[PDB]
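**Q** Here the first sequence is numbered in PDB author numbering, starting from 210 and rising by one per residue.
The structure's right below; bear with me while I get my questions together.
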Amino acid sequence: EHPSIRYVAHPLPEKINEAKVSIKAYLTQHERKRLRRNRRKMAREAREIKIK
RNA sequence: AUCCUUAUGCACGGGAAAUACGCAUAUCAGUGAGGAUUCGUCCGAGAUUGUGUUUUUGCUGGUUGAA
């Protein structure tokens with residue numbers, strides 16, 4: 210009686226606090242190139258405007 | 001702390017080319033694009049279509065003429 214034979218326990222499964230390591234999203238070479246092209250282009254444009 | 005590898009970002013410098021370099025509310029693409037081959041197999045990343053410039057873009061200097 211003091212420990213019941215009848216019941217089956219389903220105790221709370223303790224979830225471990227997994228540290229969210231934000232994933233290093235990489236770039237394709239092409240993507241990188243595009244980025245380089247665009248930022249640089251923008252800079253150039255700015256220079257032109259700020260020199261014209 | 002010193003030395004080195006990789007990638008990238010910024011730049012000195014040097015070189016080549018622009019028939020080249022993009023762009024896309026496109027279509028498809030390592031769940032295979034496109035290729036090789038001694039035929040056993042092998043390489044493996046763009047291809048298609050559309051389109052913008054492309055004997056050139058942006059800026060300077062000179063002589064000159066113009067008169």
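A virtual CB, placed ideally from N, CA and C, is assigned to each residue, including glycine.
#1: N247 by DSSP, collapsed to three states: which one?
#2: Please report the distance separating the alpha-carbon of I232 from that of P222.
#3: Between the C-alpha atoms of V230 and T237, what's the straight-line distance to the nearest angstrom?
**A** With the given structure in hand:
#1: Here residue 247 refers to the residue found at position 38 of the first sequence. Helix.
#2: For the purposes of this step, residue 232 is identified with residue 23 of the first sequence, where counting begins at 1. For the purposes of this step, residue 222 is identified with residue 13 of the first sequence, where counting begins at 1. Going by the C-alpha atoms only, they are around 27 Å apart.
#3: As a working note, residue 230 is residue 21 in the first sequence. As a working note, residue 237 is residue 28 in the first sequence. Answer to the nearest angstrom: the Cα atoms are 21 Å apart.
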